[PDB]
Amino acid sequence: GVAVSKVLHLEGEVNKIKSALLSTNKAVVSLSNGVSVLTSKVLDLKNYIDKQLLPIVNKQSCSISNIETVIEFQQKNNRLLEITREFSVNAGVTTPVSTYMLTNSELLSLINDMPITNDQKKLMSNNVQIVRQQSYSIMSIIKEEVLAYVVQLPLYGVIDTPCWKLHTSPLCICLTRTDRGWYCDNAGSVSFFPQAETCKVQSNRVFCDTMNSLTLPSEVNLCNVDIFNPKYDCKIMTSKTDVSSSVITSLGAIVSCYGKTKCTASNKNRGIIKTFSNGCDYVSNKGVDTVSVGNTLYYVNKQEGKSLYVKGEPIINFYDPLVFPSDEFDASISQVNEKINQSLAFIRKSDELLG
């Protein structure tokens, strides 16, 4: 071939291959900056996490450590705080003994420890609502970390004795007995309990406090059959005029009718089922409900009425977790280390062409 054309065409090359390389250089610089700006933003993200996000997440984690402990405080300390409250409200002493002051399992524990009979232990065990209404509770030592208080339980000196609850009305010059209340066969005598506050009554069981009781001899019962008795002086209230009033009892009622006063009985479904002559009559609660004496109505029977209801629907808690799409992320990082692995391939293939 021509040999100046081989130099002028060869020169054509060396130039088209220099202007070539000068473009590839602006390409690696263009990219050195895109990586340098992407690099700073990866540092602004790691820094938004380390200096902004992470710190809040730590305080939120601390504020829930607080909240969850204030509640686990009042929950685990549920009993001690209910005691300190009702000692506060009652300024030291409380009656009756609550189920915070003393749980039931413990009460029974105590009952089985008192110096009493297996038949007295058995009684109290069955009437706890009553053994409690008759027990006190008394603060002794209270320090920050512990609270000790004495509990005071009753002890019965006698059990299984006949009791009777005496009611009375006028009798016409009029006469009214004024020794109403409870009577109990104490050893050899009758024990009488004037105030109806010192006697609790469960079913056919009666617990009484012999502290403000008078002791009477058994003759006091002859009174029931005759006011004027040679053996015992009955307690009476004399009036020199006619007087009428009802005395509703446990199982029924009494009705003293004397003079121009009109006393009738009635039924809820039947109406006036009776009228009273001037006399001392007794009406059972099985038959009669109310009892008009003059214009003042007496209700011989508790009157059932409107039932009320209050409904509460379950409350729903919603917890919707957060989940990062991590696998599709790692597959693109995998793809990016692919473009790097093979990016270095082509440069190695290139360096071998330069021997």
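Counting begins at 1, following the sequence as shown.
Quick one: classify how much of the deposited chain lacks coordinates between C172 and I173, choosing none, 1 to 3, 4 to 9, or 10 or more. Gap between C172 and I173: 4 to 9 unmodelled residues.
Select between 153-161 and 90-98 the stretch whose C-alpha atoms have the higher average B-factor in the entry. The entry gives the higher C-alpha B-factor average to 153-161.
Decide which of the stretches 329-337 and 21-29 has the higher mean C-alpha B-factor, going by the entry. In the deposited entry, the stretch with the higher C-alpha B-factor mean is 329-337.
Please pick out which of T210, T168, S250, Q129 has the largest Cα B-factor as recorded in the entry. Spelled out: the listed residue with the top C-alpha B-factor is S250.
Could you tell me which one of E304, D320, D50, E68 shows the highest CA temperature factor in the PDB record? Going by the entry's C-alpha B-factors, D320 comes out highest.
What third of its chain's C-alpha B-factors does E145 belong to: lowest, middle or highest? CA B-factor rank for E145: middle third.
Pull the Cα B-factor of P217 out of the PDB entry and bin it into the chain's lowest, middle or highest third. Tercile = middle for this residue's CA B-factor.
Pull the Cα B-factor of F276 out of the PDB entry and bin it into the chain's lowest, middle or highest third. Highest third of the chain for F276's C-alpha B-factor.
Third of the chain's Cα B-factor distribution that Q195 belongs to, per the entry: Within its chain, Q195 is a highest-third residue by C-alpha B-factor, going by the deposited values.
Split into thirds by Cα B-factor across the chain's modelled residues, where does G34 land: lowest, middle or highest? Lowest third of the chain for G34's C-alpha B-factor.
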